[PDB]
């Protein structure tokens, strides 16, 4: 019920601006103020600002004054975070939090400040065979190659398949592009009966792919 849903990841060029959404549901929006906290890679989470969802009154951090704009859409029960003059240190995961009992935190929005071109991923099957089978268990997956920037959300059989699933953290390549693999342990008996699909979503690039991984 009580949840805060954030917008998707954005790649932005230096100097530019980012606007992040945060929709409230399972309570009255105006009733509770929102808080914004970012976490830059390997840094402390940093508090950016506060907003009263009721009357729109704000309070910023000295670091974020005159760079951050906290607005609203009360009919939409959405609160906004606008950050201008994007510097390289602003590449962080941004969180919106309801004030009372500091719960719930939103899922976060990864913002990547880079000059590089956005690249959608190419999805390849990690197909099962005898060489990837141990005692009536076959391994299979997807290889989500060369994408920019992070993140890439991966799922199986439209999130109905969870057991055995290992989605690996991404790795930056020589080409400054990312790779990822998602694997799943299934019984060898299901290959040829159950379809295994892996649903890859890369929102900065607006790429969504469903890849049938079959034995060969």
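Positions refer to the first chain, counted from 1.
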Comparing 65-73 with 175-183, the higher average Cα temperature factor in the PDB entry belongs to 65-73
For residue 18, the third of its chain by CA B-factor is the highest
Chain thirds by Cα B factor, record data; residue 128 belongs to the middle
By the entry's values, the third containing the CA B factor of residue 116 is the highest
Chain thirds by Cα B factor, record data; residue 200 belongs to the lowest
Among the modelled residues of its chain, the C-alpha B-factor of residue 27 falls in the third labelled highest
